[PDB]
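As C-alpha cells, one chain now follows by itself in the form deposited in one PDB entry.
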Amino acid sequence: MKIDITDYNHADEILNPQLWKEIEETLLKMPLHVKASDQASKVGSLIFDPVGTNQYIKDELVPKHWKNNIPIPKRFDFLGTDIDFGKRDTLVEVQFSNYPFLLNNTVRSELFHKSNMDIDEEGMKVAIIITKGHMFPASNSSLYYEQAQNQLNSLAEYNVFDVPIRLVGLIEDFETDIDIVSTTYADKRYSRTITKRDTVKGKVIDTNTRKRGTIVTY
C-alpha cells in the first residue's frame, strides 16, 4: 500500500532507521485488503478489511523478530493486557478499531515511556501507530488517519504528550488499478476464519471534484 507519515516529538530523528525500514517495507508491499460490509444500508459493499490487514502485518513482522502481543507488566495492567508488536525499544500499534482507541493508545504509550517499561529487553522510546486513510469505506467509527492526525496535531499544539510517535496512514492512489485481496470469512461479522480469499486487481473510484471512495474489484 502507499503510506503517509506524520511525526510527533521528533520521532523522525529518534526512530531507529533500520526498525522503520522493517515496518515500511511490510506496509509498502502489502495489497489493500477488503471484505463485505454487513451494515444495514450497504450489505455486501466492499470495505477496508481490518482482519486481513492485521493478519498480513502479523505474518510479516513476526518472522522479522517483532514480537506480537507482548504482555503489559503487572505494574501497568490497568493500561491493558498487551501491545501489538515491539522490537528493541520500539512499540507498534495497528489500530483499525473505534476512534477512541487513538487517544487510549497514545496515552498509554505516553505512560509506557514515562515509566520506562520494557518492550523487547529495552525501555520504550518510540511508538508507531498504523491507521487507514479516510479514503476507504469502512465500518462506522473505525479510526482513520486524518482524524488521528487532527487529534494528535491538536495535542501537540497544546504540548500535551512527550513520547515520540510516528503516525502512519495507509493509502492508495484513486482511479488506478491496484492489487487487492478480497476475503469472505465464515460469518458475516467478527469472524477471522477465512472461507474464500481472492487476489485480484481493483481500484478505488473517486467521485470528488472529501468523500470516501468506492472500492471495486475485477
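Counting begins at 1, following the sequence as shown. Residues that one form lacks are left out of the comparison. We call the rigid core whatever largest set of C-alpha positions still superposes within 1.5 Å between the two forms.
- In the deposited sequence, the stretch from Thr209 to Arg210 hides 4 to 9 residues that have no coordinates.
- Taking only CA atoms, the mean B-factor in the PDB entry is higher for 65-73 than for the other of 156-164 and 65-73.
- Mean CA temperature factor is higher for 119-127 when stretches 80-88 and 119-127 are set side by side in the entry.
- Looking only at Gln55, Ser191, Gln151, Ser41, the residue with the top Cα B factor in the deposited structure is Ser41.
- The maximum CA B-factor among the listed residues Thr184, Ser37, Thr176, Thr26, taken from the PDB record, is found at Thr176.
- Among the modelled residues of its chain, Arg108 has a C-alpha B-factor that falls in the middle third according to the deposited record.
Keep in mind that the form deposited in another entry is not shown, yet the notes after this line are about it.
- Annotation: Cα of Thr81 displaced by at least 2 Å between the shown form and the other one, core superposition.
- Core-aligned CA deviation for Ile70 between the shown form and the other one: 2 Å or greater.
- Relative to the superposed rigid core, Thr106 undergoes a CA displacement of at least 2 Å between the shown form and the other one.
- In the other form, the Cα atoms of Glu146 and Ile70 sit 3 Å or more nearer to each other than they do here.
- Figure legend: C-alpha atoms of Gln95 and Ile83, shown here, are separated by at least 3 angstroms less in the other form.
- Displacement of the C-alpha atoms by 2 Å or more across three or more consecutive residues between the shown form and the other one, following core superposition, is confined to the runs 70-83, 101-103, 105-107, 109-111.
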